[PDB]
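Take a look at this one chain, the form deposited in one PDB entry, written out in structure tokens.
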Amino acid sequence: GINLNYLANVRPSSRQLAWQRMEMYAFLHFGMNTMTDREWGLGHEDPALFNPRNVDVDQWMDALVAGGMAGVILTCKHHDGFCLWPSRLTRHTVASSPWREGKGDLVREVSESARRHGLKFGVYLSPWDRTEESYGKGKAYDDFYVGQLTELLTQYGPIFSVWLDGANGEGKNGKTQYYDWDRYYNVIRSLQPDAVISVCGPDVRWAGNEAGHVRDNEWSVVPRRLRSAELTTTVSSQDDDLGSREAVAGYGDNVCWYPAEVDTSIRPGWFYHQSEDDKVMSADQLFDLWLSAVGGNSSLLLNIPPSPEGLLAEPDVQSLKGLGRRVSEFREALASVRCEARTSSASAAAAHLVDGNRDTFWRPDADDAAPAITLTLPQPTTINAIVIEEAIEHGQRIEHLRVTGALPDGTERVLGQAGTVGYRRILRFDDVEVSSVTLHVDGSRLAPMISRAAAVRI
């Protein structure tokens, strides 16, 4: 009652695959709310309030390179409506502020610094707008919104992500703006075709919470309706199960590649509050989050907000530095781990599991009824995770994995189990000394294609 030949062959586009390989990148919420100490601004704030001191975006970018970020998404306009560049379409921008004597352009500062530091740059441009007078008027706000997309996507170099937040607090009897999303997506495709359009867009799906929670099973192949879920019995982005066989079977081919992005902040708020400088996630908590998301088929978008004194604050910088060192050490441990890989079938391809090469993989024969990989360590070694990666250019297929370990006395234990793998599963467990592990890939949609398997000590 399920079409595996379709589901098992749904694949990322070029832009989705390149985005997936970024793994973790940063959010920067900065703007009028940094000055008023707000999470949501009421709107119509006086631009005179936007006077941050000593802004030094290279300090921001140095910290994000120390945390191993692949890129940065700036809030160019948040829901309050204040624009961080001198848009020709509104006076509610940095050109009406005293910052840099009215001659400032923070989108220009950030995008040029990001480029010098080897970080890709993306833009957040809030659909909801509490200041713009055309908002709630229909086509007039669509024209304004498209004009501001055109400014951001033509004047600031390559854009890797356009992030379209669905949050809207108009509520009961407030303004109604039916956005022309289709029109917006033609603007973004035409002007930055390599960008991913995220959240209220077709390329990247909001994981469904903002607390850093990661699903036990995260399917990148989901009903196509989820691309509309944030745009205006219901299938919602927050649902735990979006892509099981049970959930998707009745949609047939009305399914697509729409992979999750887990967005969360290093502080309780998105914007900077000095009151929260003792509530900054530590390096160890950030690394547990990175292991959970980037080892859970979810890209990680971590926000770190600059203060009204122009900097990323010292606790945040320390946590970023710590996170980048933990991830650098883990990636070197992964790259350098040695073991002999043996397989249940197709032994000629076993070496593709342990070659370091994300474009080679092992695929069991179609009649291998118990696909498995055994990784034998050079001597008894203490491990506490396995890492497995599917060659997702060709689809996402794994549905269950059981991991067993053979201990040095030759007895065996089950170390852990997982459902989905996708871009990467990092299955963690208690520290255990083993001579070998066996990954039993005992549920899959058609034969799985695995580009890496490893046993490691985090």
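Residues that one form lacks are left out of the comparison. For every residue, the number given is its place in the sequence shown, counted from 1. For the two forms, the rigid core is made up of the largest set of C-alpha atoms that agree within 1.5 Å on superposition.
Keep in mind that the form deposited in another entry is not shown, yet the notes after this line are about it.
* To do: Using the rigid core as the fixed frame, list which single one of 193, 169, 118, 378 shifts its Cα by at least 2 angstroms between this form and the one not shown.
  => Once the cores are aligned, the residue moving by 2 Å or more is 169.
* Threshold 2 Å Cα movement between this form and the one not shown for residue 245, core superposed -> The answer is no; the displacement is under 2 Å.
* Look at residue 143 and decide if its Cα position differs by 2 Å or more between this form and the one not shown after superposing on the rigid core. => No, the C-alpha moves less than 2 Å.
* Asked: After a core superposition, would you say residue 212 shifts its C-alpha by at least 2 Å between this form and the one not shown?
  -> Indeed, residue 212 is displaced by 2 Å or more.
* Closer or farther apart in that other deposited form, the C-alpha atoms of residue 168 and residue 139, for a change of 3 Å or more? -> Their C-alpha distance shrinks by at least 3 Å in that other deposited form.
* Which is it in that other deposited form for the CA atoms of residue 76 and residue 212, closer or farther than here, knowing they shift by 3 Å or more? -> Farther apart in that other deposited form, by 3 Å or more.
* Given a rigid core superposition, which stretches of at least 3 residues have all Cα atoms displaced by 2 Å or more between this form and the one not shown? -> Shifted segments: 166 to 175, 209 to 213.
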